[PDB]
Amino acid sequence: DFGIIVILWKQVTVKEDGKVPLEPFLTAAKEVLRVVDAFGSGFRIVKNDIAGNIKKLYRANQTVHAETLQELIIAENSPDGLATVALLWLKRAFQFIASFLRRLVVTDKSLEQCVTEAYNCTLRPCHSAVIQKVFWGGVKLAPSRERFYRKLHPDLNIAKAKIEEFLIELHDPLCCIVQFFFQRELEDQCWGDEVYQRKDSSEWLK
């Protein structure tokens, strides 16, 4: 039931105030692991990374009881806060996953060049040289575009249709966080996928 990812991210409603709901965002964040599960063990860094992040956000949020991501980060007011460093990395991961899945659903480039350009414009600068080698090691274990699609949903056309709707819904909450971490001067390395990150949420398809 991969399509559930579309519905949960839609629940991450960013209205005019530009705030991201904390619980709808985190439930939906957990369903993104469906992506590293279809990629396989070579995505361990991304899988464990996101996971430790979804968990740490819950752990951090407590006495603060922030309702949205914005309020939670404001309460810590510190680049080294547990929740803030965690969301910086979680966002970077979805920019990567977003930058990746797009290069897969619209362009005709291989999955390999896909993981490369995606990584190259997001997390690569954030990884020490030794960790970059672990990631490239993991890309050696990558499926082809078709096996990737079929591990998400038995029917290729649906899996593809459903990643497309997902990317549409992940867009504003993720981009709200991206632009927000800069307002707080917390992002100095990861720029992400400029196209996907352009204001419109369906533009990147054309």
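All residue numbers are counted from 1 along the displayed sequence.
Taking the mean C-alpha B-factor of each stretch as recorded, 27-35 and 56-64 are not equal, and the higher mean is that of 56-64. Between 91-99 and 111-119, the higher mean Cα B-factor belongs to 111-119. Of the candidates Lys151, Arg44, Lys160, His171, the PDB record gives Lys151 the highest C-alpha temperature factor.
Comparing the listed residues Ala142, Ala51, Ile177, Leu167, the entry records the largest Cα B-factor for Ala142.
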